[PDB]
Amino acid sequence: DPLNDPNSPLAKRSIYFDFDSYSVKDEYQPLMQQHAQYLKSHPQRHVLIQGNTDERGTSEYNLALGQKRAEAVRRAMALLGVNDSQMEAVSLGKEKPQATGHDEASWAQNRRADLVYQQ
């Protein structure tokens, strides 16, 4: 399965965001196109889009920002043709940092939406 091929374009699973932004940067449109093509040619595959933030700001603010990040990715893949039935969008806010330091080297890694396939 290309989903389990570490050298497929699908091996990249994450979209990164600028500070206090849920704009999907154009440099991630190709990645979204690749995953969209996968989902449209594997109609029983479902993906969970998880939005995350860096630690700056309240838990409440970042739950909402993470949700906008996940919803922005879901919308972009919907525009690329993915049927809504194969996607869900959820927020982890700032609660599940990947990088655990307290400067921009960590925070940039945490302003992130992940495509998590149900396997």
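Position 1 is the first residue in the sequence shown; the rest follow in order.
Participant: Using only C-alpha atoms and the B-factors in the entry, which stretch averages higher, 70-78 or 36-44?
Facilitator: The entry gives the higher C-alpha B-factor average to 36-44.
Participant: On mean Cα temperature factor in this entry, is 92-100 or 7-15 the higher one?
Facilitator: Going by the record's values, the stretch with the higher mean is 7-15.
Participant: Using only modelled residues of the chain, where does the Cα B factor of residue 106 rank: lowest third, middle third or highest third?
Facilitator: Ranked within chain, residue 106 CA B lands in the highest tercile.
Participant: Residue 84's Cα B-factor: lowest, middle or highest third of the chain?
Facilitator: Top third by C-alpha B-factor.
Participant: Which third of the chain holds residue 27 when residues are ordered by C-alpha B factor: lowest, middle or highest?
Facilitator: Tercile = highest for this residue's CA B-factor.
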